Amino acid sequence: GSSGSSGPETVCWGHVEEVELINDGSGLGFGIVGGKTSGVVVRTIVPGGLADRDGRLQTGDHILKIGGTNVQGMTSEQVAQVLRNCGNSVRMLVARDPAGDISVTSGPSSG
């Protein structure tokens, strides 16, 4: 680890990509939601903002860590304060296409 000590997290996933967002006064541009009992999720990502423009982070992205923080295990409510403290530049580990994922199917007023 660059600073003090740190180690990478390898978990059964299909697509692991790191997203680095820099608060430009406006904000990250994405909400969080404590879906799973371990980790945080992205409720939504403000359109044409910071995350959107970048085109790196995607909605409902299982957040593994935050700027080197152990969130996986705590409640989002506690993470909300972590993002702020983290500072201007934030680096969270988002992953998608998890082993045995659930396929989404549409059906407006069907059946």
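Read left to right, the sequence shown gives residues 1 to 111 (the deposited numbering). For each residue, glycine too, the CB sits at the ideal point set by N, CA and C.
Starting from the Cα of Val33, find the closest Cα among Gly25, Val46, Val42, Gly27 and give me that residue. Of the listed residues, the one whose Cα sits closest to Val33 is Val42.
Cβ neighbour criterion (16 or more within 10 Å) applied to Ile66: Answer is buried; the Cβ neighbour count reaches 16.
Can we say the segment 69-85 touches the segment 47-58, given the rule of at least three CB pairs closer than 8 Å? By the C-beta criterion, the segment 69-85 is judged not to be in contact with the segment 47-58, since fewer than 3 inter-stretch pairs fall below 8 Å.
Any idea which residues DSSP pairs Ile22 with across the strands? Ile22 pairs with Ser89.
Have a look at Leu93, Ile102, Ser106, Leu64 and flag the residue whose alpha-carbon is nearest the alpha-carbon of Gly39. Per the Cα distances, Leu64.
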